[PDB]
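Undergrad: What follows is a structure written as structure tokens; I'll ask about it next.
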Amino acid sequence: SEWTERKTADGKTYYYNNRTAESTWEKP
């Protein structure tokens with residue numbers, strides 16, 4: 001629940017977490 005999926009209308013969601021300061025695209 002700590003990973004935020006950022007829903008951009010660009011047609012992509014990405015799990016951005018400051019824990020890695022990175023947007024994760026891989027499936028956890």
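Just so we're on the same page: first chain in the structure tokens is A, next is B, and so on; residues restart at 1 for each chain, and ligands are numbered from 1 in the order they show up.
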Find the residues around residue 6 of chain A up to 10 Å (only C-alpha atoms counted), leave out those fewer than 5 positions away in its own chain, and share them as a list in words.

TA: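 The filter keeps residues 12, 13, 14, 15, 16 and 23 of chain A.
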
Undergrad: Which residues come within 12 Å of residue 18 of chain A, counting only C-alpha atoms, excluding same-chain residues fewer than 5 positions away, as a list in words?

TA: residues 2, 3, 4, 23 and 24 of chain A

Undergrad: Among chain A, which ones does DSSP place in strand (DSSP E or B), written as a ChimeraX atom specification?

TA: /A:4-8,12-17,22-24

Undergrad: Store the residues picked out above in a file with N, CA and C atoms, as an mmCIF file, in the first residue's frame.

TA:
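again.cif, written as the output of this step:
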```cif
data_model
loop_
_atom_site.group_PDB
_atom_site.id
_atom_site.type_symbol
_atom_site.label_atom_id
_atom_site.label_comp_id
_atom_site.auth_asym_id
_atom_site.auth_seq_id
_atom_site.Cartn_x
_atom_site.Cartn_y
_atom_site.Cartn_z
ATOM 1 N N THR A 4 2.742 3.963 -4.780
ATOM 2 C CA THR A 4 1.699 4.724 -5.444
ATOM 3 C C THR A 4 1.721 4.470 -6.942
ATOM 4 N N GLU A 5 0.593 4.053 -7.489
ATOM 5 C CA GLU A 5 0.485 3.919 -8.926
ATOM 6 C C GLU A 5 -0.004 5.240 -9.490
ATOM 7 N N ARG A 6 0.851 5.892 -10.246
ATOM 8 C CA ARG A 6 0.548 7.217 -10.726
ATOM 9 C C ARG A 6 -0.109 7.127 -12.083
ATOM 10 N N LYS A 7 -1.385 7.473 -12.110
ATOM 11 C CA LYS A 7 -2.185 7.326 -13.305
ATOM 12 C C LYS A 7 -2.106 8.589 -14.142
ATOM 13 N N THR A 8 -1.162 8.603 -15.060
ATOM 14 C CA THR A 8 -1.061 9.694 -16.013
ATOM 15 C C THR A 8 -1.885 9.392 -17.260
ATOM 16 N N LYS A 12 -0.192 5.553 -19.155
ATOM 17 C CA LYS A 12 0.742 4.750 -18.380
ATOM 18 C C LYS A 12 0.578 4.996 -16.881
ATOM 19 N N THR A 13 0.612 3.917 -16.113
ATOM 20 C CA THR A 13 0.649 4.003 -14.661
ATOM 21 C C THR A 13 1.993 3.470 -14.167
ATOM 22 N N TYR A 14 2.532 4.067 -13.115
ATOM 23 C CA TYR A 14 3.837 3.659 -12.613
ATOM 24 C C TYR A 14 3.885 3.764 -11.103
ATOM 25 N N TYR A 15 4.524 2.794 -10.468
ATOM 26 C CA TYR A 15 4.530 2.726 -9.018
ATOM 27 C C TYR A 15 5.711 3.504 -8.465
ATOM 28 N N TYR A 16 5.472 4.765 -8.167
ATOM 29 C CA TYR A 16 6.508 5.636 -7.657
ATOM 30 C C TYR A 16 6.526 5.592 -6.140
ATOM 31 N N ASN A 17 7.687 5.281 -5.596
ATOM 32 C CA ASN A 17 7.886 5.278 -4.161
ATOM 33 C C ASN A 17 9.223 5.931 -3.853
ATOM 34 N N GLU A 22 12.042 6.025 -7.308
ATOM 35 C CA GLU A 22 11.954 5.542 -8.681
ATOM 36 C C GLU A 22 10.547 5.049 -8.993
ATOM 37 N N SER A 23 10.159 5.167 -10.252
ATOM 38 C CA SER A 23 8.898 4.634 -10.717
ATOM 39 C C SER A 23 9.095 3.200 -11.195
ATOM 40 N N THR A 24 8.468 2.270 -10.502
ATOM 41 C CA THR A 24 8.593 0.865 -10.825
ATOM 42 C C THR A 24 7.516 0.456 -11.820
#
```
